[PDB]
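> pasting an experimental structure, sequence included:
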Amino acid sequence: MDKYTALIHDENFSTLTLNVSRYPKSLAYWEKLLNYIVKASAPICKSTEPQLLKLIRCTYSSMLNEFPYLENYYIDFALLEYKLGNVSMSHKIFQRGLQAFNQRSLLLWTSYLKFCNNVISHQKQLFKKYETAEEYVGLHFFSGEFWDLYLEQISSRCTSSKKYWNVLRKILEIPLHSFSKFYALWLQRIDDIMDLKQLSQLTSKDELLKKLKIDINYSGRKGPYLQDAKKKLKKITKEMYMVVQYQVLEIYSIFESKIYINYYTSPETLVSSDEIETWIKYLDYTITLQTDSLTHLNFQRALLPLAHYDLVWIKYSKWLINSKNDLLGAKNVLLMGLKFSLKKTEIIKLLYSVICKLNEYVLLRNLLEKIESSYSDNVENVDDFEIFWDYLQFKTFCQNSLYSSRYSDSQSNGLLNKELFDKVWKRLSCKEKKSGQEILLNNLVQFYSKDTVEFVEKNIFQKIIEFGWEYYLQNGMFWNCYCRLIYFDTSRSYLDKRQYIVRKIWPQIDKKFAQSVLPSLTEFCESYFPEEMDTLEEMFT
Amino acid sequence: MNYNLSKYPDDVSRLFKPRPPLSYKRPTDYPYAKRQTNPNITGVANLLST
Amino acid sequence: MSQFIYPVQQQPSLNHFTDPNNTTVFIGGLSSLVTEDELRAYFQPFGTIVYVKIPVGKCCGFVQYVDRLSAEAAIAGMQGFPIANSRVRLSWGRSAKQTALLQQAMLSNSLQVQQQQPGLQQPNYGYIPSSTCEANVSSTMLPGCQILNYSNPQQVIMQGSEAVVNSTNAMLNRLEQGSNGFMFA
RNA sequence: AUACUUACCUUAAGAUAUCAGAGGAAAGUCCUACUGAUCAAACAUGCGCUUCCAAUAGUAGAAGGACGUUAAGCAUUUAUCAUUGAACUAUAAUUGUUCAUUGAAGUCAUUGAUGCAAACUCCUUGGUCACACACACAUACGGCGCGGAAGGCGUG
RNA sequence: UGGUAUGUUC
């Protein structure tokens, strides 16, 4: 047998593979399984077993579907595909990894350009990749290493040397962590100017004559005139340095000193509360500055330690809603936040409402169908009530709009529809195992019309009476909601409803339950029936 | 140039930094398999009569 | 020596404005018709509140949040909002004991030195800052969920899935009961 | 530095201008601070030899670049192969057309490539020398100032 | 009668 079959009949490959297959999201299992596979190929070469190489590519690519933000493994899968020889697949792995991060990542752009340098060999296109990298990641606080790459490529390839000045003048205004280095390059590269015509490298001719009073066409003794010119340009650089030093020292001292973790780890890692607080404040600072490249970069840069939380998926969505006025942008942010975050309830709530504002109701129907399908057409039985209740509100909006009303005065039947009322009754029938009983009753009360009040009274109030469910009968909120259903009927007159509540409803409750029911029922009575407050107190003592 | 296969220290090997890689240009000659002088060298005996 | 050196800067002498840890908010311009519970109802949703107090007659109040983040959301959120017909001026202030110490130092005019408000003791992993809980838990502590929180007054309780019920539940209470008059706040 | 220890080596030959004439050690060899003729090199040295050497009386220009911009300029042209299922046109095993599936490779590019053309910006280079601001010339044009660069030819 | 190389001792 070959090295592949010796690998596939190993005892360890069964357990490592099988632990990954049991626990897909835990990632120490994926890393042990992958390290073992790669190590059992003693030397990776162009002649190692093609079944074994196909097994390696399947392992890394499935891990990069499960955990799309691991930057270092996109780089490692690209370098492995380089060593095997085909630089085209390694191009596609770097571009796939850049795509996972919406183009906005410094490590992947830095490594993709250090790679690209060797293998492009077409100069206009190699430089167009640096001009693409610079618009997405160029304003990063740690982006000095990118600009070193761009400047060394310019200084080797270009013959003219105007492009170096034109790039370095832009770099002079970015508040980078290593901003001084490029000020020192500009100062040395000014200091080596050896005549007047070189000063047209720096800026334009007219700006020198008008703003700084330097004439390049000055014919005369040109020595001291040049020393005066260099003194003036060193002063204008001093003021620009002073601005950028204020920016950089402010950003470092408040915010960037405080963040310690800059990279995605695994869906099971926690972040300290300090870093959550300074990421929230640092995003607020960035949004104030109003540089949109830099706000998008800083949200993407902030999703790395805390992709799986959801406070920044919500926050980035809100910034797109109200500060940029963009709802399709915010839908795409929240929709992508479903993939990452573990909580998902606040995102689904806000995404339902973003879709409803975007007038795309069929997508809302599909998300409601996927949430009822995810619980096996049985959302009524979910332990966590917030899923069921948000589902049910937006499903009711779709349902009132979809089926015309059955009751008078165009009173849209919300929970009184045979599809929805069966879910509500099926959750009411579990009585203590489920969580959200009083909220569900308390929203069923709100109909206020004679036809609607009669249906709600007969189906949930009379029926839980006659079944004798002790949970609902001992509970004060049940009786309070029933009295409040009848009392706010616009149909019944005052004597009718007071007659009904005191004479029909209040005898029905048992006297053993008085110690449980009388706190709430008194609170109804004093609020609306001060006159009958003796009767109640007499009925239960 | 992260590494050095040379005998020199790193500072000396940075001095031997090469030019950028050569650009690619499409060939104007014959591919190596198609190279041949003349085949169909015609015969010498036809001259001898006339 | 070398052309690159680390920057060095002077300290700004520690009052209540330059303290990075300060979580208490001076609300000024209070209307003298507004109680402590009514002001708690204004400044509650921005965070969990260690204490709320109003000086007798002094037309100003204090709100001490647990987080710095919560307090800054308060000052940005309620600035010049008219609490009972008078616009309200919010700023950083100090506590009660620190105020008593500054007044006794203001009579003797001796030093007027402040000290720094305590910090949490970083790193804390369970806590998501600026998040509130109102009232048998088997928590798995997975990261999106909120493992830990501060009890409303004071204790440390673990948030559950069930708490999003309880808040909603209590919400309907003060829509009903406070409508009739049983809490003005 | 010395010294000592090892390890690796310790070789293609031959020649130094040619032709002719006189001499010395019948054929040839060798040699001659011998003699002619040719050749080659160096160094001096000349030719009415030939070509080239930038405004300041002005804001220029000449030669060569750009791995420079306008620029996604303007005009054309390109972006896989096999297997299986389905509809489909049809003279047709289903040749044509569309959709999906398995396998195989696969430089990046399409804002590319190729064709055409123009403007602009900028780099390096030079006697930016001296006397002149001049009416010339058919044998067509004093090549009758000092240098420099490069060759052609001649002499010693 | 040699050369380069190596490492030890002083």
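Sure, I can see it. Numbers count the residues shown, from 1 in each chain, chains lettered A, B, ... in the order given.
> for the rest of this, base every contact and every neighbour count on C-alpha atoms.
Noted.
> touching chain A at all, stretch B:11-30?
Yes: contact between stretch B:11-30 and chain A, assessed by Cα under 8 Å from any Cα of the partner chain, occurs at B:19-24.
> so which of the residues you listed belong to helices?
The members of the residues of stretch B:11-30 next to chain A all map outside helices under DSSP state H.
> look at residue C:149 and give its secondary structure.
Following DSSP: H, G, I helix; E, B strand; the rest coil, we place residue C:149 in the strand state.
> so it sits against residue C:133, correct?
Yes: the pair formed by residue C:149 and residue C:133 meets the contact definition of Cα atoms under 8 Å, at 6.9 Å.
> what sits in contact with each of the two?
Common contacts of residue C:149 and residue C:133 (Cα atoms under 8 Å, 6 or more residues apart in numbering or on different chains): residue C:159.
> how about the residues of stretch B:11-30 next to chain A, which pair is most distant?
Farthest apart among those by Cα to Cα are B:19 and B:24. That separation is 14.9 Å.
> which parts of chain B are helices?
Under DSSP H, chain B gives helices at B:10-15, B:46-49.
> still on that earlier bit, give me the subset of the residues of stretch B:11-30 next to chain A touching chain C.
Among those, proximity to chain C is found for none (Cα under 8 Å from any Cα).
> restricted to strands, list those residues.
Cross-referencing the residues of stretch B:11-30 next to chain A against strands under DSSP state E gives no overlap.
> can you lay out these as TSV showing neighbour count?
Putting these into TSV (neighbours: other Cα atoms under 10 Å in any protein chain shown) gives the following:
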residue	neighbour count
B:19	8
B:20	13
B:21	14
B:22	10
B:23	9
B:24	9
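> ok, of those residues, which one's closest to RNA strand D?
For the residues of stretch B:11-30 next to chain A, the minimum distance to RNA strand D (Cα to the nearest atom of the strand) is 7.9 Å, reached by residue B:24.
> find the nearest non-adjacent residue to that closest one, please.
Of all residues not flanking residue B:24 in the chain, residue A:121 sits nearest, at 7.0 Å (Cα to Cα, 6 or more residues apart in numbering or on different chains).
> distance of the one you found from residue A:86?
For residue A:121, the distance to residue A:86 equals 16 Å [Cα to Cα, to the nearest Å].
> with neighbour numbers in mind, choose between those two.
Per other Cα atoms under 10 Å in any protein chain shown, whichever of residue A:121 and residue A:86 has more neighbours is residue A:121, with 15 against 12.
> so that one makes contact with residue A:157?
No: checked against Cα under 8 Å, the pair residue A:121 and residue A:157 is beyond contact range at 11.1 Å.
> residue of chain C nearest chain B, please.
As assessed by Cα to the nearest Cα, chain B sits closest to residue C:2 within chain C, at 20.3 Å.
> I should have written the stretch 351-500 of chain A there, sorry.
Nearest to chain B in the stretch 351-500 of chain A, going by Cα to the nearest Cα, is residue A:351, at a distance of 48.1 Å.
> that residue belongs to a helix?
Yes: counting by three-state DSSP, residue A:351 falls inside a helix.
> now for it, how many residues are close by?
24.
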